[PDB]
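**Q** File my_file-v7.cif below, mmCIF, C-alpha atoms and all ligand atoms:
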data_target
loop_
_atom_site.label_atom_id
_atom_site.label_comp_id
_atom_site.auth_asym_id
_atom_site.auth_seq_id
_atom_site.Cartn_x
_atom_site.Cartn_y
_atom_site.Cartn_z
CA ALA A 1 -10.30 -12.45 15.13
CA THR A 2 -8.85 -12.21 11.61
CA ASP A 3 -11.05 -9.59 9.92
CA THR A 4 -8.86 -7.06 8.13
CA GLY A 5 -11.80 -5.19 6.57
CA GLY A 6 -10.55 -6.62 3.31
CA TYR A 7 -9.65 -9.73 1.31
CA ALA A 8 -6.91 -10.79 3.76
CA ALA A 9 -8.02 -12.65 6.87
CA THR A 10 -5.19 -12.91 9.38
CA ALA A 11 -4.16 -12.07 12.96
CA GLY A 12 -0.49 -12.35 11.96
CA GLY A 13 1.65 -13.48 14.88
CA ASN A 14 -1.01 -12.61 17.42
CA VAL A 15 -2.28 -16.17 17.69
CA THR A 16 -1.94 -19.11 20.09
CA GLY A 17 1.58 -20.28 20.79
CA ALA A 18 3.06 -16.98 19.60
CA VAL A 19 6.35 -15.67 21.03
CA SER A 20 6.83 -11.93 21.64
CA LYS A 21 10.20 -10.31 20.95
CA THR A 22 11.34 -6.68 21.00
CA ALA A 23 13.55 -5.37 18.21
CA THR A 24 15.54 -2.23 18.95
CA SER A 25 17.02 -2.03 15.48
CA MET A 26 16.91 -3.49 11.98
CA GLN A 27 19.50 -6.14 12.80
CA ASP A 28 17.50 -7.13 15.85
CA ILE A 29 14.52 -7.92 13.64
CA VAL A 30 16.71 -9.94 11.26
CA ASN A 31 18.21 -11.81 14.25
CA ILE A 32 14.83 -12.39 15.92
CA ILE A 33 13.33 -13.97 12.77
CA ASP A 34 16.44 -16.12 12.31
CA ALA A 35 16.14 -17.41 15.86
CA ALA A 36 12.38 -17.95 15.40
CA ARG A 37 13.16 -20.52 12.73
CA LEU A 38 15.01 -22.95 15.03
CA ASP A 39 13.46 -25.61 17.26
CA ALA A 40 14.56 -26.42 20.85
CA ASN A 41 17.49 -28.36 19.37
CA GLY A 42 18.76 -25.60 17.09
CA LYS A 43 17.34 -27.26 13.98
CA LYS A 44 15.29 -25.36 11.44
CA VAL A 45 11.57 -25.76 11.14
CA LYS A 46 9.95 -25.19 7.73
CA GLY A 47 7.87 -21.98 7.77
CA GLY A 48 9.25 -20.91 11.14
CA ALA A 49 9.21 -22.72 14.49
CA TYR A 50 6.30 -20.81 16.09
CA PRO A 51 4.11 -17.67 15.57
CA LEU A 52 5.92 -14.38 16.28
CA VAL A 53 5.09 -10.83 17.35
CA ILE A 54 8.02 -8.45 16.99
CA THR A 55 7.64 -5.01 18.53
CA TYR A 56 10.13 -2.66 16.85
CA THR A 57 11.34 0.20 19.03
CA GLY A 58 14.17 1.50 16.92
CA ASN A 59 14.22 5.04 15.60
CA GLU A 60 16.17 6.11 12.50
CA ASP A 61 14.94 9.68 12.21
CA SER A 62 18.46 10.98 11.64
CA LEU A 63 18.77 8.79 8.54
CA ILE A 64 15.25 9.70 7.34
CA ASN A 65 15.93 13.41 7.98
CA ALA A 66 19.35 13.45 6.32
CA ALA A 67 17.85 11.63 3.29
CA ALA A 68 15.00 14.18 3.11
CA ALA A 69 17.70 16.92 3.17
CA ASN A 70 19.37 15.40 0.08
CA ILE A 71 16.80 13.26 -1.73
CA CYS A 72 18.84 12.89 -4.91
CA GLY A 73 21.65 11.11 -3.11
CA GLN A 74 19.32 8.27 -2.17
CA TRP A 75 18.80 6.22 -5.35
CA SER A 76 22.47 5.26 -5.69
CA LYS A 77 22.77 3.90 -2.14
CA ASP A 78 22.38 0.29 -1.03
CA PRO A 79 18.79 -0.79 -0.49
CA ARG A 80 17.91 -1.88 3.08
CA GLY A 81 15.07 -4.23 3.97
CA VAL A 82 14.01 -6.84 6.52
CA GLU A 83 13.13 -9.91 4.51
CA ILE A 84 10.20 -12.07 5.72
CA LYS A 85 10.84 -15.06 3.47
CA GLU A 86 9.02 -18.37 3.89
CA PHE A 87 7.67 -17.60 7.33
CA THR A 88 4.17 -18.99 7.48
CA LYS A 89 3.56 -19.63 11.24
CA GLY A 90 2.09 -16.18 11.57
CA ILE A 91 4.12 -13.06 12.09
CA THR A 92 3.49 -9.44 13.00
CA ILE A 93 5.92 -6.54 12.91
CA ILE A 94 4.48 -3.69 14.90
CA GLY A 95 6.35 -0.49 15.55
CA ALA A 96 6.13 1.09 18.98
CA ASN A 97 4.82 4.65 19.18
CA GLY A 98 7.76 6.87 18.25
CA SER A 99 9.69 4.21 16.32
CA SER A 100 10.90 4.83 12.78
CA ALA A 101 12.80 3.04 10.05
CA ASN A 102 15.04 3.99 7.11
CA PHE A 103 14.73 0.43 5.77
CA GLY A 104 11.86 -1.54 4.21
CA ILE A 105 10.04 -4.83 4.81
CA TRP A 106 10.17 -7.44 2.05
CA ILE A 107 7.57 -10.18 2.38
CA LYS A 108 8.24 -13.19 0.17
CA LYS A 109 6.64 -16.61 -0.11
CA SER A 110 5.12 -16.19 3.34
CA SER A 111 1.52 -16.05 4.61
CA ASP A 112 -0.37 -14.60 7.56
CA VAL A 113 1.85 -11.55 7.94
CA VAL A 114 0.88 -8.24 9.55
CA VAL A 115 2.78 -4.93 9.45
CA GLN A 116 1.48 -2.18 11.73
CA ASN A 117 2.48 1.15 13.26
CA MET A 118 5.64 1.41 11.14
CA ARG A 119 6.85 4.86 10.07
CA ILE A 120 9.11 4.19 7.03
CA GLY A 121 10.64 7.05 5.07
CA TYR A 122 13.04 8.26 2.39
CA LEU A 123 14.52 4.85 1.74
CA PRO A 124 17.87 4.45 -0.06
CA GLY A 125 18.26 2.21 -3.10
CA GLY A 126 15.61 3.42 -5.53
CA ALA A 127 17.65 2.02 -8.42
CA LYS A 128 18.01 -1.33 -6.61
CA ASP A 129 14.46 -2.23 -5.41
CA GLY A 130 14.62 -0.25 -2.18
CA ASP A 131 10.87 -0.70 -1.53
CA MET A 132 9.16 0.36 1.71
CA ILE A 133 6.83 -2.65 1.75
CA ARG A 134 6.74 -5.46 -0.78
CA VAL A 135 4.34 -8.39 -0.78
CA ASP A 136 5.61 -11.06 -3.14
CA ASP A 137 3.94 -14.48 -3.54
CA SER A 138 2.31 -13.96 -0.13
CA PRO A 139 -1.44 -14.37 0.67
CA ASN A 140 -3.32 -13.23 3.78
CA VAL A 141 -1.12 -10.24 4.39
CA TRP A 142 -2.36 -7.08 6.11
CA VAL A 143 -0.39 -3.83 5.69
CA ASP A 144 -2.15 -1.62 8.26
CA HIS A 145 -1.75 1.76 9.98
CA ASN A 146 1.76 2.61 8.65
CA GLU A 147 3.28 5.90 7.44
CA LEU A 148 5.06 5.38 4.11
CA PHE A 149 6.72 8.51 2.75
CA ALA A 150 9.50 10.08 0.65
CA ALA A 151 9.53 12.99 -1.80
CA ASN A 152 7.12 12.93 -4.79
CA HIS A 153 9.97 13.98 -7.03
CA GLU A 154 12.17 12.52 -9.74
CA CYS A 155 15.77 13.60 -9.69
CA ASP A 156 17.60 13.74 -12.98
CA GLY A 157 20.06 11.16 -14.20
CA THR A 158 18.33 8.27 -12.48
CA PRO A 159 18.14 4.83 -14.19
CA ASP A 160 15.04 4.84 -16.46
CA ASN A 161 14.39 8.40 -15.16
CA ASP A 162 12.21 6.55 -12.67
CA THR A 163 14.41 5.45 -9.73
CA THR A 164 14.81 8.43 -7.31
CA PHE A 165 12.73 6.40 -4.85
CA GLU A 166 11.07 3.02 -4.91
CA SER A 167 7.52 2.00 -3.96
CA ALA A 168 5.46 2.22 -0.79
CA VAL A 169 3.56 -1.07 -1.04
CA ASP A 170 4.32 -3.13 -4.16
CA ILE A 171 2.33 -6.35 -4.51
CA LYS A 172 3.15 -9.11 -6.96
CA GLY A 173 2.92 -12.80 -7.63
CA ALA A 174 0.62 -15.14 -5.80
CA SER A 175 -0.15 -12.62 -3.05
CA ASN A 176 -3.70 -13.85 -3.58
CA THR A 177 -5.32 -11.95 -0.72
CA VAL A 178 -3.95 -8.73 0.72
CA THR A 179 -5.49 -5.82 2.62
CA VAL A 180 -3.78 -2.41 2.56
CA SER A 181 -5.54 -0.14 5.12
CA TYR A 182 -5.24 3.01 7.24
CA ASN A 183 -1.89 3.93 5.79
CA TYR A 184 -0.75 7.53 5.49
CA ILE A 185 1.17 7.51 2.19
CA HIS A 186 2.69 10.81 1.12
CA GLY A 187 5.51 12.18 -1.03
CA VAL A 188 5.59 8.96 -3.05
CA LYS A 189 5.85 8.94 -6.82
CA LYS A 190 5.20 5.22 -7.38
CA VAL A 191 2.85 4.06 -4.67
CA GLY A 192 2.13 0.42 -5.45
CA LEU A 193 1.87 -2.20 -8.14
CA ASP A 194 -0.71 -4.97 -8.03
CA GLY A 195 1.05 -7.39 -10.37
CA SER A 196 4.64 -6.88 -11.56
CA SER A 197 3.91 -7.27 -15.28
CA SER A 198 1.20 -7.66 -17.95
CA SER A 199 1.47 -11.38 -17.25
CA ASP A 200 1.42 -11.18 -13.43
CA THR A 201 -2.36 -10.80 -13.29
CA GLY A 202 -4.86 -11.69 -10.58
CA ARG A 203 -5.11 -11.49 -6.79
CA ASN A 204 -7.82 -9.93 -4.66
CA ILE A 205 -6.69 -6.76 -2.98
CA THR A 206 -8.56 -4.32 -0.71
CA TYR A 207 -7.34 -0.74 -0.26
CA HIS A 208 -9.39 0.87 2.52
CA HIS A 209 -9.10 3.92 4.70
CA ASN A 210 -5.74 4.94 3.27
CA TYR A 211 -4.81 8.61 3.25
CA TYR A 212 -2.86 9.49 0.10
CA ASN A 213 -1.36 12.93 -0.29
CA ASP A 214 1.12 14.21 -2.85
CA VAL A 215 1.56 10.94 -4.67
CA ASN A 216 2.16 10.65 -8.38
CA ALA A 217 0.60 7.30 -9.35
CA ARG A 218 -0.19 3.60 -8.85
CA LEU A 219 -3.03 3.60 -6.34
CA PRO A 220 -2.66 0.76 -7.39
CA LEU A 221 -1.39 -0.01 -10.85
CA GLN A 222 -3.73 -3.00 -11.06
CA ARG A 223 -3.10 -5.97 -13.31
CA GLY A 224 -6.03 -8.35 -13.57
CA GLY A 225 -7.90 -9.74 -10.57
CA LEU A 226 -10.15 -7.79 -8.18
CA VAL A 227 -9.49 -4.55 -6.37
CA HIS A 228 -11.95 -3.13 -3.82
CA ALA A 229 -11.03 0.46 -2.87
CA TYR A 230 -13.25 2.02 -0.20
CA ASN A 231 -13.11 4.93 2.25
CA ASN A 232 -9.74 6.23 1.01
CA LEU A 233 -8.79 9.93 0.88
CA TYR A 234 -6.98 10.72 -2.38
CA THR A 235 -5.58 14.22 -2.46
CA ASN A 236 -2.95 15.79 -4.63
CA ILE A 237 -2.58 12.95 -7.10
CA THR A 238 -0.06 14.38 -9.54
CA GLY A 239 -0.14 11.75 -12.27
CA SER A 240 -2.89 9.13 -12.02
CA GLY A 241 -4.83 7.21 -9.37
CA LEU A 242 -6.29 3.75 -9.77
CA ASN A 243 -5.06 2.31 -13.05
CA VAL A 244 -7.09 -0.81 -13.90
CA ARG A 245 -5.26 -2.92 -16.48
CA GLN A 246 -5.14 -6.42 -17.95
CA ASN A 247 -8.91 -6.81 -17.61
CA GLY A 248 -8.95 -6.26 -13.86
CA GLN A 249 -12.13 -5.19 -12.12
CA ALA A 250 -12.29 -2.56 -9.42
CA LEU A 251 -15.09 -1.53 -6.99
CA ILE A 252 -14.44 2.14 -6.13
CA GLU A 253 -16.68 2.90 -3.17
CA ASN A 254 -17.13 5.92 -0.86
CA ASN A 255 -13.73 7.53 -1.43
CA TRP A 256 -12.91 11.22 -1.49
CA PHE A 257 -10.91 12.46 -4.49
CA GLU A 258 -9.68 16.06 -4.61
CA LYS A 259 -6.94 17.85 -6.58
CA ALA A 260 -6.42 14.61 -8.51
CA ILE A 261 -5.28 14.06 -12.13
CA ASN A 262 -6.67 10.95 -13.84
CA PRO A 263 -8.13 9.57 -10.57
CA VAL A 264 -9.64 6.46 -12.21
CA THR A 265 -8.20 5.29 -15.49
CA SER A 266 -6.83 2.47 -17.65
CA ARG A 267 -3.68 3.55 -19.46
CA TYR A 268 -0.18 2.60 -20.61
CA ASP A 269 -1.08 -0.68 -22.30
CA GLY A 270 -3.24 0.42 -25.25
CA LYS A 271 -5.50 -2.63 -24.87
CA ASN A 272 -7.22 -4.98 -22.41
CA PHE A 273 -8.74 -2.18 -20.40
CA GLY A 274 -10.02 -3.09 -16.96
CA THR A 275 -13.39 -2.09 -15.52
CA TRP A 276 -14.71 -0.10 -12.57
CA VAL A 277 -17.92 0.08 -10.53
CA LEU A 278 -18.27 3.55 -9.03
CA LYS A 279 -20.51 4.25 -6.03
CA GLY A 280 -20.82 6.65 -3.13
CA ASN A 281 -17.67 8.61 -3.88
CA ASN A 282 -17.67 12.38 -3.38
CA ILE A 283 -17.71 12.64 -7.19
CA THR A 284 -21.04 11.43 -8.50
CA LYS A 285 -20.90 12.99 -11.95
CA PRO A 286 -18.63 15.04 -14.25
CA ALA A 287 -20.11 18.23 -12.83
CA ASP A 288 -18.27 17.42 -9.60
CA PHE A 289 -14.85 17.50 -11.28
CA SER A 290 -14.44 21.28 -11.13
CA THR A 291 -15.74 21.17 -7.57
CA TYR A 292 -13.00 18.77 -6.46
CA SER A 293 -10.33 19.96 -8.90
CA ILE A 294 -10.46 16.66 -10.84
CA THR A 295 -8.48 16.77 -14.07
CA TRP A 296 -7.95 14.36 -16.99
CA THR A 297 -5.16 13.92 -19.54
CA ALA A 298 -4.56 11.80 -22.63
CA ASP A 299 -1.91 9.15 -23.41
CA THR A 300 0.14 8.15 -26.45
CA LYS A 301 -1.64 4.79 -26.43
CA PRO A 302 -5.38 3.97 -26.34
CA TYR A 303 -6.73 4.55 -22.86
CA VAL A 304 -10.00 4.80 -20.89
CA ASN A 305 -10.60 7.63 -18.37
CA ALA A 306 -13.58 7.76 -15.97
CA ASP A 307 -14.29 11.25 -17.34
CA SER A 308 -17.94 10.13 -17.73
CA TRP A 309 -17.86 8.89 -14.15
CA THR A 310 -19.98 5.84 -14.91
CA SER A 311 -19.32 2.18 -14.15
CA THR A 312 -17.58 0.48 -17.07
CA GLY A 313 -18.26 -3.06 -15.93
CA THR A 314 -19.23 -5.23 -12.96
CA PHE A 315 -17.67 -6.56 -9.71
CA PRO A 316 -18.49 -9.82 -7.81
CA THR A 317 -20.18 -9.61 -4.44
CA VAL A 318 -17.62 -8.57 -1.83
CA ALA A 319 -16.91 -11.70 0.17
CA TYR A 320 -15.93 -10.11 3.48
CA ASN A 321 -17.59 -7.95 6.08
CA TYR A 322 -17.08 -4.18 5.87
CA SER A 323 -19.04 -1.08 6.91
CA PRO A 324 -17.87 2.00 5.01
CA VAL A 325 -18.59 5.49 6.33
CA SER A 326 -19.63 8.29 3.96
CA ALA A 327 -17.16 10.00 1.60
CA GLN A 328 -17.60 13.27 3.50
CA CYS A 329 -16.70 11.48 6.73
CA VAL A 330 -13.40 10.13 5.34
CA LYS A 331 -12.58 13.67 4.22
CA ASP A 332 -13.37 15.01 7.66
CA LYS A 333 -12.27 12.13 9.87
CA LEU A 334 -9.66 9.93 8.12
CA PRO A 335 -6.49 12.01 8.74
CA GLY A 336 -6.73 11.10 12.45
CA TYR A 337 -7.16 7.34 12.17
CA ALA A 338 -4.69 6.68 9.37
CA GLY A 339 -0.98 6.36 10.01
CA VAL A 340 1.17 5.62 13.05
CA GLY A 341 0.37 6.65 16.61
CA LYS A 342 -3.42 6.44 16.12
CA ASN A 343 -3.27 3.28 18.26
CA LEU A 344 -4.61 1.33 15.31
CA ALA A 345 -7.87 3.32 15.59
CA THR A 346 -10.53 2.54 12.98
CA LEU A 347 -13.14 4.98 11.56
CA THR A 348 -16.71 3.85 12.14
CA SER A 349 -19.89 5.80 11.25
CA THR A 350 -20.21 6.39 15.02
CA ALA A 351 -17.34 8.87 14.78
CA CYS A 352 -18.70 10.59 11.70
CA CA B 1 9.78 -2.76 -6.09
#
Let me see the structure of the file written as structure tokens.
**A**
Amino acid sequence: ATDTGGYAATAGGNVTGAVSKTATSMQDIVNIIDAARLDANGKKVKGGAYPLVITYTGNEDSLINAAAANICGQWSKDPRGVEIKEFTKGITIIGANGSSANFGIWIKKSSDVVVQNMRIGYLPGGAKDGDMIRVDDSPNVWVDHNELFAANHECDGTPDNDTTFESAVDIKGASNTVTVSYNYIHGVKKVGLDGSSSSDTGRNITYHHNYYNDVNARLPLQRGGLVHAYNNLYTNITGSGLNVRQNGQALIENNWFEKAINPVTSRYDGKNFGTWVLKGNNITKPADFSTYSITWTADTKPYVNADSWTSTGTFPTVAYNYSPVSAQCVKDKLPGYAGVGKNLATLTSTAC
């Protein structure tokens, strides 16, 4: 089936007529996709020649580990990323248990793409768009069960004092439907955009069952459109959490926030504040802030914090099927279903 538990509906490359290939390294993936574009006669087929499932078995722990040992030397290096440009036959990049990458995945003008079981860390090229996962002009994409990490730190002397490391899962353009789920994102300062600018508004994104720890902000930095965030575990948010801007609407349901600063907010623009519908989270009222170490701060420009913890607008009926567990259950159970090596295990109320 194609149910992603969110706005995206895709099985990626795991469809009829698909071809399975094993990639032992980054270049192997690049080579496999290149070959997947040619027909029996060596001629290119628009959108790819057939559906593809690429199982990545490479391991770049030495690169990830060396980078972690000298984080400030990363931003000035060349960015590395497997581009998935104009491949629309259906593609899946799934890492084998034990695999790892010190490069990212850049989805662009493609559709029906799935990324699973990929452990991506401490990527080089923060000053040159060295993103872990990027979804650009690509609908029906499912970023599921990955481990995206770096250091939630900003070295000095970096371009715009904001480039030590790039994003975990940036989304932009006509990536009309995307589902980001069961990802273990940690040590990331700038987690993910949902629109690249004030003018890149829209899209319907679902963030569910993601485990965020020690992340500074952008969970996501939402610009217009709809965002349904359910069953996520947000801990140690050092800057801000969901930032709803350019009149976007968010449905924040059954999440667990703890040791978070500005967990739900609308800042940095000074106008066109977005809205949120709160329900079933561990925080039910402002009295729960102290309980879960929830803190709020101000901004130089007009802003709206959920310091009242009340819905500030509405949200259309969620189109897809989804069965969220309780907030307490995500707190208790999520850390073992999210990330790589959980065999793509999903948390159901049965396990609560
Ligand atoms: Ca980026």
**Q** Between CA of residue 83 in chain A and CA of residue 40 in chain A, what is the spacing in Å?
**A**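 Between CA of residue 40 in chain A and CA of residue 83 in chain A the gap works out to 23.3 Å.
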**Q** Write out as a list in words each polymer residue whose atoms come within 9 Å of residue 166 in chain A, counting only C-alpha atoms; drop sequence neighbours fewer than 4 positions from it.
**A**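 Listing them by chain and then by number gives residues 75, 123, 124, 125, 126, 127, 128, 129, 130, 131, 132, 162, 188, 189, 190 and 191 of chain A.
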**Q** Which protein, DNA or RNA residues are at most 12 Å from (9.1, 7.2, -17.3) in the file's coordinates when you count all atoms listed in the file, listed as a PyMOL selection string?
**A** chain A and resi 154-156+158-164+189-190+216-217+239+268
**Q** Using all atoms listed in the file, which protein or nucleic acid residues come within 12 Å of residue 333 in chain A? Drop anything in the same chain fewer than 3 positions from it, and give the result as a list in words.
**A**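 Returned residues: residues 182, 209, 210, 211, 231, 232, 233, 256, 325, 326, 327, 328, 329, 330, 336, 337, 338, 345, 346, 347, 348, 349, 350, 351 and 352 of chain A.
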**Q** A:103, A:165, A:56, A:50: which is nearest ligand CA 1 (chain B), counting all atoms listed in the file?
**A**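 Among the listed residues, A:165 lies closest to ligand CA 1 (chain B).
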